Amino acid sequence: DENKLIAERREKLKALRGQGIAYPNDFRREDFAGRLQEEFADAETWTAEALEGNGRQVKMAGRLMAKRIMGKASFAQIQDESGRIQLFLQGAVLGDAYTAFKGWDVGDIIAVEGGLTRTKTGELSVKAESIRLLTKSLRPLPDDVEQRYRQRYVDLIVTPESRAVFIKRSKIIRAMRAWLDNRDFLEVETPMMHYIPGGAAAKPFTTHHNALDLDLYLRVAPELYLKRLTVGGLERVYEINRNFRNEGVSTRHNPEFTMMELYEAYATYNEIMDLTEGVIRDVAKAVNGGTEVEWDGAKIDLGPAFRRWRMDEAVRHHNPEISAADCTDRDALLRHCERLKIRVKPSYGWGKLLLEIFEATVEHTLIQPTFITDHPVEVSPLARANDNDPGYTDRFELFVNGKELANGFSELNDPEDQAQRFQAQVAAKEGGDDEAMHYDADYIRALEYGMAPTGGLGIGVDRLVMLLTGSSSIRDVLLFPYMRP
């Protein structure tokens, strides 16, 4: 079937090469289908007689999506990047080019010039004075669900409503940059290859620089490089770019993902939360015109102030059998974990156990936007310890519809404290932990030069785009998501 159609289109191309240049590049496109549809949307004012009288001429090109051959005259529909428009073709006007049109195929790229009119059913149409083939298609367009991702180039053609998700993705990132730029944050670029993978607990990709005989790591986060800039005196910086994770086969998580990270000297996690909900809410209003969105069935409103809820309080609310004393009591939390069927390791302190209970019993219930605050120090190796209870850190994670969207904290700038935590992570990696951090001596050295007290932030841009576009799957907001071979 399909292999027969392809051969037939190659025979058409073979005859095309004998008549001349089969792939010409000398057509200047000037007009866009969607801009014309908007300009002439009022069919009461722009009747067929009005459009023909106006004398407007257009010069367009697009992919041939449909043909209606009536005999001496035909209709066609083309699609460019902005939308679709009808064409009206008359053999008495177009002559040999009308004969050519009858032989073209859906998928061919054609160019057309002419005036405007409106069909009997109200559709804006080009009255074609001249028409020509620019690119012969050799593969017919489709009339599995994984082919939309292994062939994004096909799906953008036949599901053109998906284009709007990617356009909005671009507007979201641009709105975020304007919001930050207007607040005098400096956008910076830091390396994507690191000597030591740091700044997140994730398994990295490794690569090799052959000339230097040097192993390198694709970054899991830019955090430790960005705080070196804070030390240097770039006191308000951000970066929006890729991180890399070398983890399990997942349909919900891509090995490449886009994060915005930001560092503001002299802020705490209180001000960083303010900033986080401010930029998310304002970007939502800029690209959607309001603060409400429907995501995965949930009706989310970003307008009201986000909730701020301690992790231990949220755990106790959802686990009434846990007392306030139990929250820092490792033996009590083991009992609850066993009771909740939560697999535990012997290296887990009370803080890790509390996080496990939070993940199993709390986080799926956080639908409306909620900052969960004050994470235990055991699970927060880069966050500043709280002044009043050093078993906790001044940290937060933002959840929307049960999903983590951002995380930030008052930054640990005490080099001796940071070195100690680095050493506990090196001890944790020896116990079979593939995600424990490494000791980065050069970063300790930067902190020894002195870093201002600072607040830092990461926003998951892909999940932010999923939320604001109402996309349930990561694969709908990435142009080329990774697919298994």
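Sequential numbering from 1, following the sequence displayed.
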query	finding
Unresolved deposited residues lying between neighbours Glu161 and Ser162	none
Stretch with the greater mean C-alpha B-factor as recorded in the entry, comparing 110-118 against 182-190	110-118
Between the two ranges 314-322 and 152-160, the one averaging a larger CA B factor in the entry	314-322
Top residue by Cα temperature factor, when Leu133, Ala332, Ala221, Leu229 are compared in the entry	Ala332
Highest recorded Cα temperature factor - choice among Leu457, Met60, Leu36, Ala48	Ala48
Third of the chain, ranked by Cα B-factor, where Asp389 sits	highest
Third assignment of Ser473 from its chain's C-alpha B-factors	highest
Third of the chain, ranked by Cα B-factor, where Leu64 sits	lowest
Third of chain Cα B-factors occupied by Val279	lowest
Record-listed C-alpha B factor of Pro346: chain third	highest
